[PDB]
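Where a number appears in this text, it was derived from the coordinates with a stated rule and is not lab data. Note: ideal-geometry Cβ built from the backbone for every residue, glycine included; neighbour counts use all protein chains shown.
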Amino acid sequence: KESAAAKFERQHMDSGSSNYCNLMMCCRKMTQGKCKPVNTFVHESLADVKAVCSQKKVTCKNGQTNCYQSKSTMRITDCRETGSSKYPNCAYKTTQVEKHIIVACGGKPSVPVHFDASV
Ligand SMILES: O=c1ccn([C@@H]2O[C@H](CO)[C@@H](OP(=O)(O)O)[C@H]2O)c(=O)[nH]1
Ligand SMILES: Nc1ncnc2c1ncn2[C@H]1O[C@H](CO)[C@@H](O)[C@H]1O
């Protein structure tokens, strides 16, 4: 069983083309069983992302208060399923932007365990 922190790294970290999401959603296993409809990859170092856990506290979309917002914008890519997408033939629109990220943090040490939003 993969931990929440490991799942966060696999689905969201790509510390670092229109086919980017199509390749990544597949390699990171977000197209098995169903096409994950929306996902965000963060291109900052794992250290910079883990640091968000000690940055600005904000409320989580689900109501929890263990969420934090990055102090700076970060380079991210949003992958969104296209209308033509249909499992097992998933298809994604890739959009790069620079925005702040909001993540839920948990564990000891407190590390990201869920990508909540970009803002
Ligand atoms: O900007 C956003 C907002 C939400 N999500 C994702 O959308 C899914 C539904 O909220 C969540 O993934 P999960 O199914 O693993 O919990 C969350 O990570 C993103 O990737 N980016
Ligand atoms: N605010 C949140 N805090 C922690 N985990 C969350 C939150 N929203 C969704 N999740 C989920 O993401 C985790 C993925 O490992 C699940 O364990 C479940 O907690």
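Distance in nm between label sites at residue 27 and residue 56, each 7 Å beyond Cα in the beta-carbon direction?
The two pseudo-label positions are separated by 3.2 nm.
Using 0.36 nm times the number of residues separating residue 38 and residue 98, minus their current alpha carbon distance, what extension gain do you get?
Roughly 19.9 nm would be gained on extension.
Can you give the translational diffusion coefficient of segment 16-69 in µm²/s, computed by Stokes-Einstein from the Kirkwood radius over Cα pairs at 10 °C and 1.306 mPa s?
My calculation gives 117 µm²/s for D.
Show the residues, 5+ positions off or on another chain, whose built amide H is closer than 5 Å to the amide H of residue 106.
Answer set, sorted by chain and number: 111, 113.
Say each of residue 73 and residue 6 gets a label point 7 Å from the Cα, pointing the same way as Cα to Cβ; how far apart are those two points in nm?
About 3.6 nm, to one decimal.
Size of the dipole of the chain about the Cα centre, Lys and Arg at +1 and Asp and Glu at -1 on the beta carbon, nothing else charged, in debye to 20?
Charge dipole of the chain: 300 debye, to the nearest 20.
How big is Rg to Rh over the chain, alpha-carbon atoms, Rh as the Kirkwood inverse-mean-distance radius?
A ratio of 0.97.
Counting only pairs 8 or more places apart or on different chains, how many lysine pairs in the chain have C-alpha atoms closer than 15 Å?
Total qualifying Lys-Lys pairs in the chain comes to 13.
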